[PDB]
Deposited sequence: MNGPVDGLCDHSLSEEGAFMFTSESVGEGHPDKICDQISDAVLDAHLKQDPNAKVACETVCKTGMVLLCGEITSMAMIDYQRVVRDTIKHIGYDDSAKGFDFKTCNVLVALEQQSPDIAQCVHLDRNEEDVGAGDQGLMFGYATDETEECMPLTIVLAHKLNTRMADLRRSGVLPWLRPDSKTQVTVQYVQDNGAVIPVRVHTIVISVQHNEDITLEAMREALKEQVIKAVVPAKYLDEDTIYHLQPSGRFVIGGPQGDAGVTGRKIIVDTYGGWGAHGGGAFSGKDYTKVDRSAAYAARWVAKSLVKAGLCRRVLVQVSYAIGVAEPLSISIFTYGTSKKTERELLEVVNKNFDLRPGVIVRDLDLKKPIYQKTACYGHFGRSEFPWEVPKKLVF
């Protein structure tokens, strides 16, 4: 049933992602000293100008200058020409900090969860590849292998598919577009070559690369001092690269800067969890699980399972399987997924879904 699909991802230095990371680093910094710290913060950045905003009720002593600069350094902004230097940039902190199982969902909400068997991660090939492509250039940047590579990058992967009496099989990577920031002493010709051999061919399965696959490497020519200015970076503006790459459904809630008490984060994670568990348990090849909550109520106000005619069990057979194996009440979610743990910054770039190192990515047994 042929159709094509494109997804994108951004590197650790893309301005928006710089902000998502700093906001989550501030969340990690509080969890380590107070796992009940209430965090609600966001970051805004513009060329060596970082603004930290937010209301956080906690009881931990934090050096925000330190957690902001350390995060910029980790991302790789240490020199001047790169567009950012953690040692010299303006970190204006305008953050306000106070001090002091069957909970109940804050804010009516509707979270979505998605999983597909086209990849071992149970994520769309398109977004999986987009993320790995960025992940790989960071590796090469940090190992020393490609020392011209700078932090800011963008990746787009378009794959041709075909349905299958149920749903979704990738056939080939139709085209790949990558742009990455770089140092001056490196030719456009040398960058393009390294991008194809060392990053693309080193992450994309042979099965998908072709004699026709189109490559668009550094299409706009040069991106040197293109460091994060990107006309103002912001938190919460990369909602689709943080999730499914345009593939499931998304209600609009951003993750970074919000602690584990916000259903937007927790519940979204819980819904991914059940979606991944279901395909993993052989119960379907592709699922879109929809969980609704009602302001005040703890127990979900209606969960819906949408297989795309890819399950043998039948929605409202699969619904019992979920109601017998999962307790999606907010509090139980944070307890089961170990959501008080400072794992948030790693979550802030390269996607929240797909990587197995996250609790919600470990499939539950599922006794059926």
- Note on the structure: No C-alpha positions exist for deposited residues 1-16, 117-128
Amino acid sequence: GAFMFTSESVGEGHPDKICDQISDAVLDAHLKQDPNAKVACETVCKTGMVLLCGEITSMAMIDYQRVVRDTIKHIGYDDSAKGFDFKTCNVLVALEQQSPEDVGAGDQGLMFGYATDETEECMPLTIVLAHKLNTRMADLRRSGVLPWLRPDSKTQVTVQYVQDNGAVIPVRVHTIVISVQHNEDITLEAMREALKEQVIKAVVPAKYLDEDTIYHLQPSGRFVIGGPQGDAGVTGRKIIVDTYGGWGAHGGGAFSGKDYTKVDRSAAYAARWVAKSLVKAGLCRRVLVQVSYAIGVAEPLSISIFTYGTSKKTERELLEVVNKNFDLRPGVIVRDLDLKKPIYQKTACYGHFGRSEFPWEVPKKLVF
From here on, numbers count along this sequence of modelled residues.
- Query: If you average the Cα B factors in the entry, which is higher, 283-291 or 251-259?
  - Reply: 283-291
- Task: Between 83-91 and 263-271, point out the one with the higher average CA B-factor as the PDB entry records it.
- Result: 83-91
- Note on the structure: In this crystal structure's PDB entry, the residue among 71, 235, 97, 156 with the greatest CA B factor is 97
- Query: Going by the deposited entry, which of 137, 224, 127, 239 has the highest CA temperature factor?
  - Reply: 224
- B-factor third for the C-alpha atom of residue 246 within its chain: lowest
- Item | residue 43, C-alpha B-factor rank within chain (lowest, middle or highest third) | lowest
- Message: Based on the deposited C-alpha B factors for this chain, I'd like to know if residue 109 is in the lowest, middle or highest third.
- Response: lowest
- residue 205, C-alpha B-factor rank within chain (lowest, middle or highest third): highest
- Query: Ranked by Cα temperature factor within the chain, is residue 321 in the lowest third, the middle third or the highest third?
  - Reply: highest
